[PDB]
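Student: Take a look at this one; I'll ask things after.
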Amino acid sequence: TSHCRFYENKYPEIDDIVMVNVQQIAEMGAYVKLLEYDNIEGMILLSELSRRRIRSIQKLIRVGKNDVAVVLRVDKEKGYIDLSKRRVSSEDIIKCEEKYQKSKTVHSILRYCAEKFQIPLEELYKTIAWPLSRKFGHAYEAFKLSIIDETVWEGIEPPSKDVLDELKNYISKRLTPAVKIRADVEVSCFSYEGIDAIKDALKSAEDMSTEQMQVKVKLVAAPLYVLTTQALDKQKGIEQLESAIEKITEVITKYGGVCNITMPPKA
Amino acid sequence: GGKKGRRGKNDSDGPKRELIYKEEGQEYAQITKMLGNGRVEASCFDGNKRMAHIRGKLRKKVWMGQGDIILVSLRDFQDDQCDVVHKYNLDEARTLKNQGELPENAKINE
Amino acid sequence: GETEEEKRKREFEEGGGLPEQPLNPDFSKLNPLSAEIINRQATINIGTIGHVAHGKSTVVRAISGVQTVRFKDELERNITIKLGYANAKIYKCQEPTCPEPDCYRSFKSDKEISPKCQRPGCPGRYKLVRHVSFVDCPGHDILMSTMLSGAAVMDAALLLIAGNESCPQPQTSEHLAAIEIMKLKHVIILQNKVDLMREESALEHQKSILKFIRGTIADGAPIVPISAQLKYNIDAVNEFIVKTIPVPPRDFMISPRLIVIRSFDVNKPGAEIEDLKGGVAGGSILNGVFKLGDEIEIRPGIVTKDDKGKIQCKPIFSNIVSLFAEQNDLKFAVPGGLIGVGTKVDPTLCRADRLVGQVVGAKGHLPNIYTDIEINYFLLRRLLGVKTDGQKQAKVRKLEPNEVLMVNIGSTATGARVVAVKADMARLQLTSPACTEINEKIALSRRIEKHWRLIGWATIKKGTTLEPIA
RNA sequence: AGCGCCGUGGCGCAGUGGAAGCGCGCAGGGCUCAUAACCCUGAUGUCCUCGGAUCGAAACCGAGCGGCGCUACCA
Ligand SMILES: Nc1nc2c(ncn2[C@@H]2O[C@H](COP(=O)(O)OP(=O)(O)CP(=O)(O)O)[C@@H](O)[C@H]2O)c(=O)[nH]1
Ligand SMILES: [Mg+2]
Ligand SMILES: [Mg+2]
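Protein chains in written order, with the deposited numbering: chain j, 3 to 179, 181 to 270; chain i, 8 to 117; chain k, 58 to 527.
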């Protein structure tokens with residue numbers, strides 16, 4: 003079962019950008035299911051549908067698919083929403099798609115957990131969702147942290163240890179992402196002996212390949228030597244390759260040859 | 008379509024007409040290009056490219072386009088130019104293709 | 058039942074395999090025809106000259122079987138800059154019964170010392186009479202520096218003329234005169250287009266060829282029809298190479314020297330750099346004998362410019378890690394052949410067309426580098442390689458002071474500036490340093506029709522020396 | 001050879017974590033006296049092939065196939 007809106011309230015807020023799945027259209031307008039929030043329909047007026055002049059209702063509505071939306075007025079006694087689609091800026095739709103994708107990933111993960119445990123999704127959200135959103139501001143960022151740092155599940159009471167264990171199993175199995184930091188060094192050496200110097204620089208660079216960050220010097224052509232690292236934190240590899248650059252410069256300068264930098268370490 | 012049709016002769020020869028062959032100078036040809044002033048260019052089945060006038064009883068009575076088999080009468084005093092006399096509506100053209108009055112290298116089929 | 062590879066291995070073992078050279082043979086007793094020298098190293102360099110879109114790599118692979126790379130994804134079909142390399146072992150059939158013309162045969166590098174005679178009915182083997190290295194020269198109007206350097210390296214020549222096209226080809230005359238410049242008369246003229254040529258038209262074309270080569274220094278150059286696509290008329294080429302071309306004077310008392318035409322970086326990608334190789338100088342030894350593990354230095358070396366505009370020349374010191382012939386690792390070097398000397402030189406130093414025509418001298422010998430050279434030059438009356446429509450083929454002008462001219466000093470392609478002009482001598486100022494050891498015959502080219510055009514020969518008589526910084 | 005890119009339904013593209021996509025084509029229908037414009041509905045797949053997790057794979061990944069681009073012919 004799919005219920006229990008991600009955000010703070012089942013009913014929407016004022017001027018909150020929303021995220022629609024259209025179901026049918028009447029003469030007045032479109033009554034549309036809201037997927038960003040739990041299940042409650044919104045009314046999109048015909049005069050407030052299309053940026054262009056209205057000519058083809060079904061060409062733009064696309065019954066059975068998802069789209070962006072904006073809320074204008076809300077009813078806080080029984081539940082009613084006034085919605086618009088014309089007034090969506092060129093850039094806001096991008097943040098809308100990313101919010102949809104992350105919220106839908108979280109929804110799918112927790113719906114998987116609820117289906118495995120046969121407990122209503124609302125209870126699992128009661129034990130997992132919004133205390134996590136209070137701690138970190140986004141459940142997906144906290145999920146990534148729990149992938150890295152397991153202190154995320156500290157201070158929260160789960161219904162059972164099995165729930166957290168199987169949630170960790172699923173997140174490790176599905177939310178598995181290491182960034183390839185790649186740099187290019189041009190050896191412009193003209194000295195007497197460089198192959199020995201190249202080997203010594205090779206050893207100096209490769210010895211600092213840590214347990215979690217293994218830096219390897221790949222060879223493609225004569226001048227261009229590639230330096231490859233798998234940066235898990237993305238803030239340590241650049242220093243590793245800078246140290247490698249210092250080492251290779253130290254090795255090369257004293258022997259007689261020269262080395263030049265072509266591509267510094269970057270993501 | 009239009010209100011023009013009721014002003015016409017109403018000459019309804021829809022049933023299959025008997026196709027007309029070539030007689031001592033009348034020869035078959037193929038429309039190659041459409042020109043202006045009601046004149047067409049016809050490649051005749053003799054290796055020549057004659058200039059054929061869209062002709063009386065044919066001007067605004069039948070409408071003809073590129074790549075249409077055609078019957079055209081020559082002029083003995085001037086061989087280069089000629090006159091389109093009859094048009095075959097792509098069915099008896101197949102029959103002539105099998106009988107091969109024209110070289111079969113000119114293959115024009117829909 | 059036996060696989061063809063097993064048959065080839067059995068023939069190779071029966072043929073003697075590839076005997077390994079002794080670590081230290083008695084050098085004074087060795088000759089370029091000795092078994093320990095001939096089995097694994099060539100002794101005569103034969104160059105190929107011809108017009109573009111004529112076919113020389115095809116002729117080379119018809120003769121030798123070793124293909125030229127024709128690389129760089131844009132030089133694959135049009136032209137090549139670096140010279141091609143090929144290796145053919147010349148074999149003769151000992152049996153007196155088989156006719157002499159087909160007794161000889163050029164076989165690949167991995168061929169056995171005594172392979173079976175492929176002629177049906179003859180159960181004889183083959184005797185290795187000579188090993189030669191076939192090198193392709195670029196016959197293109199702008200591609201002259203590499204062509205002239207190769208001609209300097211070459212000891213024998215092969216001119217290719219297409220019968221069906223125009224009889225007088227000016228680029229063929231260019232290459233022939235360039236060869237005449239550097240004291241090489243062993244030229245075997247070969248007609249590429251004999252399949253598509255008529256009975257009397259071929260005779261007329263041959264008569265025209267004989268008419269053209271009358272006043273040149275080369276007089277008795279053999280002329281032989283060959284095929285490049287049908288791959289016939291190769292044995293006669295081997296016979297003519299053996300007979301008309303004797304061994305150039307090259308023995309063991311002369312000082313060891315090297316002339317490098319091409320450089321290679323030995324670094325196979327994908328595999329980790331832990332297992333790599335140094336830098337390769339592809340050079341011919343026109344004089345001297347080398348061994349395993351020697352101490353050498355490239356005399357011109359690195360060229361650098363100071364803030365004061367002074368040209369500094371750094372002799373590239375290098376320890377010879379190994380020397381590679383066509384087939385396998387050798388232990389001593391036979392003079393008069395192209396060898397890949399794999400030394401501790403940087404693969405980056407051997408990356409681009411850097412070590413193109415540079416002289417290398419072993420430790421204990423001092424080739425002299427020069428900035429300003431006192432040269433003695435001889436010109437010709439008419440420019441060669443110009444297609445005039447029947448009006449007084451281009452006339453050579455006397456050289457003017459302060460003119461940039463391309464001088465190929467044996468192997469070094471330098472842009473010289475004229476300081477003064479005399480009746481037969483001149484002063485050349487070089488921004489790119491160049492060396493001089495004994496003679497180093499020089500090819501002169503001028504920029505007239507937007508490209509280098511050969512004008513004549515020259516010899517160095519003096520030079521302003523510069524002392525390299527160690 | 002390595003690395004970067006990719007895998008139409010006919011072509012150009014899109015989301016790839018919830019299962020066939022859009023636009024341009026093509027067929028049929030609609031508006032119009034008639035055509036174009038415009039409107040409506042389809043009929044086309046192995047989103048390249050072999051596997052792993054999974055209610056789910058085409059995606060996420062890997063055990064490979066094929067085509068493009070940089071290093072560049074890498075003795
Ligand atoms: N029909 C025919 N083609 C030949 C013959 N000889 C050579 N060719 C053609 O020459 C073409 C290329 O040969 P190739 O040796 O690589 O060219 P090249 O002469 O080295 C170019 P450059 O002169 O600049 O060095 C081949 O495609 C071949 O068809 C021949 O005898 N007959
Ligand atoms: Mg009527
Ligand atoms: Mg070649």
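We treat Cβ as the ideally placed atom computed from N, Cα and C, and that holds for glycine.
Could you tell me the distance, in whole angstroms, from the CA atom of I316(k) to the CA atom of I342(k)?
Tutor: Distance between the alpha carbons of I316(k) and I342(k): 6 Å.
Student: Considering only heavy atoms of ligand 3, does any lie closer than 8 Å to the CB of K64(k)?
Tutor: Incorrect: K64(k) has no Cβ contact closer than 8 Å to ligand 3.
Student: Should the region 437-450 of chain k be called in touch with the region 461-481 of chain k, which here means at least 3 C-beta pairs below 8 Å?
Tutor: Taking 8 Å as the limit for Cβ pairs, the verdict is that the region 461-481 of chain k does not touch the region 437-450 of chain k.
Student: Are the beta-carbon atoms belonging to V76(j) and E15(j) less than 9 Å from one another?
Tutor: It is a contact, given that the beta carbons lie within the stated cut-off.
Student: Could you check the C-alpha separation between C155(k) and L437(k) for me, to the nearest Å?
Tutor: Distance between the alpha carbons of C155(k) and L437(k) is about 48 Å.
Student: When Cβ atoms are compared, which residues of the region 455-476 of chain k fall closer than 8 Å to chain j?
Tutor: Listed by position along the chain: nothing, the set is empty.
Student: Can you name the residues that DSSP bridges to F389(k)?
Tutor: According to DSSP, which records beta bridges pairwise, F389(k) is partnered with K348(k).
Student: Which whole-angstrom value is the C-beta distance of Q26(j) and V65(j), which I expect to be below 8 Å?
Tutor: Contact holds; Cβ gap of about 7 Å.
Student: Within the present structure, is the beta-carbon of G141(k) separated from the nearest heavy atom of ligand 3 by less than 8 Å?
Tutor: Yes, the beta carbon of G141(k) sits closer than 8 Å to at least one heavy atom of ligand 3.
Student: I77(i) and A36(i) - do their beta-carbons sit closer together than 9 Å?
Tutor: In contact: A36(i) and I77(i) (Cβ atoms closer than 9 Å).
Student: Would you check if the region 386-397 of chain k and the region 336-356 of chain k touch, i.e. whether three or more CB-CB distances between them fall below 8 Å?
Tutor: The region 336-356 of chain k is in contact with the region 386-397 of chain k.
Student: Looking at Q415(k) and ligand 1, is the gap between the Cβ and the nearest heavy atom below 8 Å?
Tutor: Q415(k): no, Cβ never under 8 Å from ligand 1.
Student: Mind listing the chain j neighbours of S375(k)? Cutoff is C-beta to C-beta under 9 Å, in chain order.
Tutor: Correct list: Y195 and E196.
Student: Near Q73(i), what residues of its chain come up, given a Cβ to Cβ distance below 8 Å and the 5 sequence neighbours on each side ignored?
Tutor: So the list reads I38, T39, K40 and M41, once near-sequence residues are dropped.
Student: I'd like to know if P14(j) contacts chain k, where contact means its C-beta is closer than 9 Å to some C-beta of that chain.
Tutor: Not an interface residue.
Student: For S86(j), decide whether its Cβ has a neighbour in chain k, counting only Cβ atoms nearer than 9 Å.
Tutor: So no, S86(j) is outside the interface.
Student: For the 8 Å Cβ check, are there 3 or more pairs between the region 416-431 of chain k and the region 484-492 of chain k?
Tutor: Cβ pair count under 8 Å is three or more, so yes.
Student: Give me the subset of the region 214-231 of chain j whose CB atoms are less than 9 Å from a CB atom of chain k, sorted by chain position.
Tutor: Residues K219, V220, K221, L222, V223, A224, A225, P226 and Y228.
Student: Is the Cβ-Cβ distance between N102(k) and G393(k) less than 9 Å?
Tutor: Going by C-beta atoms, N102(k) is nearer than 9 Å to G393(k).
Student: So, helix, strand or coil for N295(k), using DSSP?
Tutor: In this structure, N295(k) counts as helix in the three-state DSSP scheme.
Student: Looking at the C-beta of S135(j), does it have a partner C-beta in chain k at a distance below 9 Å?
Tutor: Output row for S135(j): interface = no.
Student: Under 8 Å by Cβ, that's how I've got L87(k) and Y148(k) pegged, so tell me the actual separation to the nearest angstrom.
Tutor: Not quite, the Cβ-Cβ distance comes to about 21 Å (not below 8 Å), so this is no contact.
Student: The region 325-339 of chain k: which residues have C-beta closer than 9 Å to a C-beta of chain j, in chain order?
Tutor: Cβ contacts with chain j: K325, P326, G327, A328, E329, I330, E331, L333, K334, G335 and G336.
Student: Closer than 9 Å, CB to CB, is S191(j) near chain k or not?
Tutor: By this cut-off, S191(j) is an interface position.
Student: Of the choices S4(j), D18(j), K87(j) and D17(j), whose alpha-carbon is the least far from that of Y33(j)?
Tutor: That would be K87(j), whose Cα lies nearest to the Cα of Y33(j).
Student: Using the Cβ count rule (16 or more neighbours within 10 Å means buried), how would you classify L81(i)?
Tutor: It is buried - the Cβ of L81(i) has at least 16 other Cβ atoms within 10 Å.
Student: If we define contact as Cβ-Cβ less than 9 Å, is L205(j) a contact residue for chain k?
Tutor: It does; some Cβ of chain k falls within 9 Å.
Student: Buried or exposed for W514(k), going by 16 or more other Cβ atoms inside 10 Å?
Tutor: Buried, because 16 or more other Cβ atoms sit within 10 Å of the Cβ of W514(k).
Student: Mark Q238(j) as exposed unless 16 or more other C-beta atoms lie within 10 angstroms of its C-beta, in which case mark it buried.
Tutor: The residue in question, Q238(j), is exposed, as its Cβ has fewer than 16 Cβ neighbours within 10 Å.
Student: What's the call for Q286(k), buried or exposed, on a 16-neighbour Cβ count within 10 Å?
Tutor: Result: exposed.
Student: Three Cβ pairs or more, each shorter than 8 Å: is that satisfied between the region 226-243 of chain k and the region 258-265 of chain k?
Tutor: No, they do not touch.
Student: Which residues bound the alpha helix (DSSP H) around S206(k)?
Tutor: Counting along the chain, the alpha helix (DSSP H) containing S206(k) begins and ends at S202 to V210.
Student: For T125(k), count the other beta carbons within 10 Å of its own beta carbon; 16 or more makes it buried, fewer makes it exposed. Which is it?
Tutor: The residue in question, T125(k), is buried, as its Cβ has 16 or more Cβ neighbours within 10 Å.
Student: Just to confirm, does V109(k) get its C-beta within under 8 Å of one of the non-hydrogen atoms of ligand 1?
Tutor: True, at least one ligand heavy atom lies under 8 Å from that Cβ.
Student: Assuming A235(k) is part of the alpha helix (DSSP H), what are its boundary residues?
Tutor: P227 to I238 is the extent of the alpha helix (DSSP H) around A235(k).
Student: Would you call the CB atoms of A470(k) and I505(k) closer than 9 Å?
Tutor: Against a cut-off of 9 Å, the Cβ pair of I505(k) and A470(k) comes out as no contact.
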